[PDB]
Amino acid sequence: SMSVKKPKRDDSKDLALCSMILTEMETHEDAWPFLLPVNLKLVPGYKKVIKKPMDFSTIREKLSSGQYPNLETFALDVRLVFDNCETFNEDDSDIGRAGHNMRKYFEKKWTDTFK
């Protein structure tokens, strides 16, 4: 509260660390469904069903232009990619499995890096 400050983690390297994690996700062999925004004009249902589209190239642009105020807002966008994937794809599909794999991959990096 006012004039009562909690000690806080050193956040000075967060930008660099999130960038490294994003690079690792961009180069994962199962990243192909998530590299670019889904084409809302060509993919039936996607625009109406998925209220907040997100993809790695959009996350990269936001990270490169100071649009994440902290590391948690970055993690929210990453998770959103995988949440959107689950909404739109059966678990037993190539893209469905890709999303599950990439989520698992991300969360271990996240834990190992910041926890």
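Note that the rigid core is defined as the largest set of C-alphas that superpose within 1.5 Å between two forms. Numbers for residues come from their place in the sequence shown, where the first is 1.
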| property | result |
| --- | --- |
| Core-aligned Cα RMS comparison in 8 other deposited structures of this protein - stretch that moves more, 96-104 or 6-14 | 6-14 |
| More shifted region, core-based fit in 8 other deposited structures of this protein, 35-43 vs 48-56 by CA | 35-43 |
| Selected stretch [higher average CA B-factor]: 84-92 or 27-35 | 84-92 |
| Mean temperature factor over C-alpha atoms, higher-scoring stretch between 55-63 and 41-49 | 41-49 |
| Ranked C-alpha temperature factor of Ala16 among modelled chain residues, by third | highest |
| CA B-factor placement of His100, once the chain's modelled residues are sorted into thirds | middle |
